[PDB]
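So the chains spell out like this:
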There are 4 protein chains.
Amino acid sequence: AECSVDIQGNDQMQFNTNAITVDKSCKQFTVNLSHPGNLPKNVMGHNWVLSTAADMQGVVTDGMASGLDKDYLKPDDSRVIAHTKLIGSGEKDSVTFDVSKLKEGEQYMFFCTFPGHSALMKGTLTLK
Amino acid sequence: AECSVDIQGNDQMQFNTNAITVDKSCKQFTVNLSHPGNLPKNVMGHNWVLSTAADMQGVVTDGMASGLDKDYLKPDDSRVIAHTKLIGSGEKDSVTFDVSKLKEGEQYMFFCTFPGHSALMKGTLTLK
Amino acid sequence: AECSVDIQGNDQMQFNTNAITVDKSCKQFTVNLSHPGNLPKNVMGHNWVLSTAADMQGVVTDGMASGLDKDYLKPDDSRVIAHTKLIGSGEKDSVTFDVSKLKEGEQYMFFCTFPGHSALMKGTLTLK
Amino acid sequence: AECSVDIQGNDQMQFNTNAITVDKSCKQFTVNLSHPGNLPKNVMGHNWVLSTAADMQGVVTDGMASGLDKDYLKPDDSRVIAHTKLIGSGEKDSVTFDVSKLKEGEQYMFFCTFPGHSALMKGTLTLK
Ligand SMILES: [Co+2]
Ligand SMILES: [Co+2]
Ligand SMILES: [Co+2]
Ligand SMILES: [Co+2]
């Protein structure tokens, strides 16, 4: 899939991938998140969030503080480049962002903000 | 001390310890479980369940299947030596079991049956 | 691949894949393991081990007790269906086994036995 | 007590707590770290490093490059507020620091820099 990627977050709190690459030719980029499995969103919610590796911790810590009702993300969080909604099993969501929001020579991370999940669910995103 | 132990499961899906030792001089052993944090039982519940290491996976799988209504535990599971109720933040439980139900030379595990949790929340229990 | 799979273990304690499907038509099945990255064996050691889901905890526990010189695997562990050596970055290893060693209706896990890596490095393997 | 906290980092790559709150009335604050278990420092070393959340990634990445020889921390790292030595099992270390190096409103994290360990061995520290 050019300028896009499909990623799954399953019931074992695992994303199917740990590395995403964005082609510099891509003007925009889409990340499609699906959740195979059977567990509902309150027990095994998955969202997908992108930020520099530097801000990942603060976004997680603040996302937790915001709670369920907030999809565990601090609203208008200026550190978040892009993020999907928190989904439960069987659901799907995509988020498209401008590639110009990313510098070559900077480390980014994608990760889930549901409490405790980032330990397991995280990977790197890099321009190419 | 000695014949009882205070355990906490937090909002970051972790127990405060991963090892417990039962002195053979105890007739009974009491485990007190509290849930520091702010998240609800339906989102981040914790119980504390004891079984041989060999039966743990069955207990976790059959528990998952049982749903929130059953405290993520299969009714009358004979594999479970003991267990607390499933608790939410700001809640607590206690459970006592006769030390005679344990044998020296057998590998025992304590853990949480709330979906996905045992991956991180578990520990060893030994008769020493 | 055909009756085989290539899997990598990295410096971020992650396997590139978390679900392995073995086809019944396969007489044998090959698992190729590589460790991209730059960290050595005593620090970011990776082996790939296969056992029923029920046997995983005992294998990991006895494995931690075998020591580094034993690749953190108890020699002659009857629960281990197949395994690799413990490798560091830049190294590679593979193991092939008979598909008749697996049965329909049983749950299998693949995992790393290096101290503290199995909570993050594990996946399922199923005979289809 | 009051201006001190006991932290244990075990053989399962975890800390006993994930949140430290330092009371403003403290002039100095102590972190006593111990290491229950039996694994050695070259395989399951733990330290206790403090810095702002925004800085954690850098301290971890740079520390990971410094090596065992440097206790997995960059010498004279200007982002490190306080830190312990890297310890193996049965060892203990303590670090006391001036509370005026912390400011209200700023998010601090404590973590272990041995490669890979920060996935699970981290927590927050707040001046309250
Ligand atoms: Co999630
Ligand atoms: Co739990
Ligand atoms: Co490993
Ligand atoms: Co450590």
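In the PDB archive, X-ray crystallography is given as the structure determination method for this entry, at a resolution of 1.9 Å.

The PDB entry lists chain A under the name AZURIN, with Pseudomonas aeruginosa given as the organism. This deposition appears in the PDB under the title "STRUCTURE OF ELECTRON TRANSFER (COBALT-PROTEIN)". Its UniProt record gives chain A a comment under Function, which states: "Transfers electrons from cytochrome c551 to cytochrome oxidase."

Student: Any chance you could explain the coordination of the cobalt ion (ligand 1) here in plain terms?
Tutor: In ideal tetrahedral geometry, four donors around a metal make angles of 109.5 degrees, whereas ideal octahedral geometry with six donors gives angles of 90 or 180 degrees. Residue and element names in this part refer to chain A. Here the cobalt ion (ligand 1) is held by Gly45 (O), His46 (ND1), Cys112 (SG) and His117 (ND1), and the distances to it run 2.2 to 2.5 Å. Coordination at the cobalt ion (ligand 1) is irregular, judged from the four donor atoms that bind it and the angles of 80 to 123 degrees they form at the metal. Read in sequence order, the donor residues for the cobalt ion (ligand 1) give the motif G-H-x65-C-x4-H. Of the two residues, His46 is situated in the loop between α1 (41-44) and β4 (49-52) and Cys112 in the loop between β7 (108-111) and β8 (122-127); the sequence distance between them amounts to 66 residues. For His46, a relative accessible area of 0% corresponds to the buried category.

Student: How should I be thinking about the sheet that holds strand β2 (residues 19-22) of chain D in this particular structure?
Tutor: Residue and element names in this part refer to chain D. Ordered in space as β2-β8-β7-β4-β5, the five strands form an open sheet in which the pairing is mixed. Of all the strands in the sheet, just β2 and β5 (82-83) have a single pairing partner and so form its edges. Judged from the two bridges that link them, strand β4 (residues 49-52) and β5 form a sheet pairing that is antiparallel. Bridge pairing links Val49 to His83 in β5.

Student: How should the UniProt feature "binding site: Cu cation" in chain A be read in this particular structure?
Tutor: Residues and elements named next belong to chain A. As annotated in UniProt, the feature "binding site: Cu cation" corresponds to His46, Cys112, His117 and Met121 in the numbering used here. In sequence the annotated residues extend across 76 residues, while in space they remain close, none of their C-alpha pairs exceeding 9.1 Å. Among all residues touching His46, those that are not within four sequence positions of it are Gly9, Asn10, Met13, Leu33, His35, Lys85, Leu86, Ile87, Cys112, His117 and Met121. Within the local environment of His46, its side chain forms a polar contact with the backbone oxygen of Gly9, the two atoms lying 3.3 Å apart. Discounting chain neighbours no more than four positions away, the residues touching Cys112 are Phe15, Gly45, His46, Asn47, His117, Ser118 and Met121.

Student: Explain helix α2 (residues 56-66) of chain B here, please?
Tutor: Every α-helical turn comprises 3.6 residues, leaving residues that sit three or four positions apart pointing alike. Turning to α2(B), its buried residues number three or more, namely B:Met56, B:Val59, B:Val60 and B:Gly63. The buried residues of α2(B) occupy an angular sector of 95 degrees when the element is viewed end-on, so they sit on one face. Residues of α2(B) that are buried sit in contact with β4 (49-52) and β7 (108-111) of chain B together with α2 (56-64) of chain C. Two residues or fewer after α2(B) comes B:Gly67, characterised by a positive phi angle close to 80 degrees.

Student: Before we go on, may I ask you to explain the relation of the copies chain C and chain D in this structure?
Tutor: The pair of chain copies shares a relation made of a rotation about an axis and a shift along it. Mapping chain C onto chain D is achieved by rotating through 178 degrees and translating by 0.6 Å along the same axis, at an RMSD of 0.4 Å. These values place the two chain copies in the arrangement generated by a two-fold rotation axis. Counting the interface residues of chain C, we find that 92% of their copies in chain D are interface residues as well, pointing to one common contact surface.

Student: Got a minute to help me understand the state of the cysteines in this structure?
Tutor: In protein structure, a disulfide is the covalent linkage between the sulfur atoms of two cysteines. Residues and elements named next belong to chain A. Overall, the coordinates contain four disulfides over all chains when judged by the stated rule. Two residues, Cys3 and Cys26, share a disulfide whose sulfurs are 2.3 Å apart. Measuring the twist about the S-S bond at about -90 degrees, one finds the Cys3-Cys26 disulfide to be left-handed. Here the residue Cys3 occupies a position in the segment before β1 (4-8), and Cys26 occupies one in the loop between β2 (19-22) and β3 (28-34), the gap between them amounting to 23 residues.

Student: Got a minute to help me understand the interface of chain C and chain D in this structure?
Tutor: Interface size is commonly expressed as the accessible surface area that is lost when the partners come together. If you look at the interface, chain C gives 13 residues, while chain D gives 14 residues. Summed over both partners, the interface of chain C with chain D comes to about 1000 Å²; 72% of that surface belongs to carbon and sulfur atoms. Interface area lost by chain C to chain D is led by C:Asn42, C:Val43 and C:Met64, which between them contribute 35%. At the junction of chain C and chain D, the tally comes to zero salt bridges. Examining the composition of the side of chain C that touches chain D, we find that three residues originate from one element, helix α1 (residues 41-44) of chain C, more than from any other. Of the residues contributing to the side of chain C that touches chain D, the split by class is ten nonpolar, three polar and no charged.

Student: Explanation requested: the interface of chain B and chain C in the structure shown.
Tutor: Facing ten residues of chain B, the contacting portion of chain C comprises eight residues. Here chain B packs against chain C, burying approximately 690 Å² in sum over the two surfaces, 54% of which is carbon and sulfur. Counting the surface chain B buries against chain C, the share from its top three residues, B:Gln57, B:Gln107 and B:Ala119, is 48%. Where chain B meets chain C, there are zero salt bridges. Joining chain B to chain C, the criterion identifies two residue pairs in polar contact. For the side of chain B that touches chain C, the element with the most residues is α2(B), which contributes three residues.

Student: Looking at this structure, I do not really get α2(C). What am I missing?
Tutor: For α2(C), a buried count of eight out of nine residues is recorded, marking the element as mostly surrounded by other parts of the structure. Taken residue by residue, α2(C) has C:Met56, C:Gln57, C:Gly58, C:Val59, C:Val60, C:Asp62, C:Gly63 and C:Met64 as its buried positions. Of the surrounding secondary structure, the elements contacted by the buried residues of α2(C) are α2, β7 and β8 (122-127) of chain B together with β4 (49-52) and β7 (108-111) of chain C.

Student: Any chance you could explain the sheet that holds strand β6 (residues 92-98) of chain D here in plain terms?
Tutor: In a beta sheet, neighbouring strands pair by backbone hydrogen bonds and run either parallel or antiparallel. All names here are of chain D. Taking strand neighbours across the sheet as the criterion, the three strands line up as β1-β3-β6 in an open arrangement whose pairing is mixed. Of all strands in the sheet, those with a lone pairing partner are β1 (4-8) and β6, marking the two edges. Averaged over all neighbouring strand pairs, the angle between strand axes comes to 15 degrees, with direction disregarded.

What counts, and where the lines are drawn
Residues numbered from 1 in each chain as written, not as in the entry; some residues may be left out. Chains lettered and ligands numbered in written order. Heavy atoms only, no water. UniProt positions renumbered as here; feature names shortened; annotations may be inferred. Donors = N, O, S within 2.8 Å, 3.2 Å for Na, K, Ca; no water. Tetrahedral: all angles 85-135°; square planar, octahedral: opposite > 155°, others 65-115°. Helix = DSSP H or I, 4+ residues; strand = E, 2+ residues; numbered from the N terminus. Buried < 20%, exposed > 50% of the residue type's maximum accessible area, 1.4 Å probe, protein only. Pairing = 2+ DSSP bridges. Contact = heavy atoms within 4.5 Å. Polar contact = N/O pair within 3.5 Å; in protein donor to acceptor, adjacent residues only side chain to side chain. Arc of directions from axis to C-beta. Least-squares fit on C-alpha atoms. Disulfide = S-S within 2.5 Å. Buried area = accessible area lost by both parts, 1.4 Å probe. Salt bridge = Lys/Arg side-chain N within 4 Å of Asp/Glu carboxyl O. Nonpolar A, V, L, I, M, F, W, Y, C, P; charged D, E, K, R; others polar. Axes fitted to C-alpha atoms, helices over the stretch in contact; angles between N-to-C directions.

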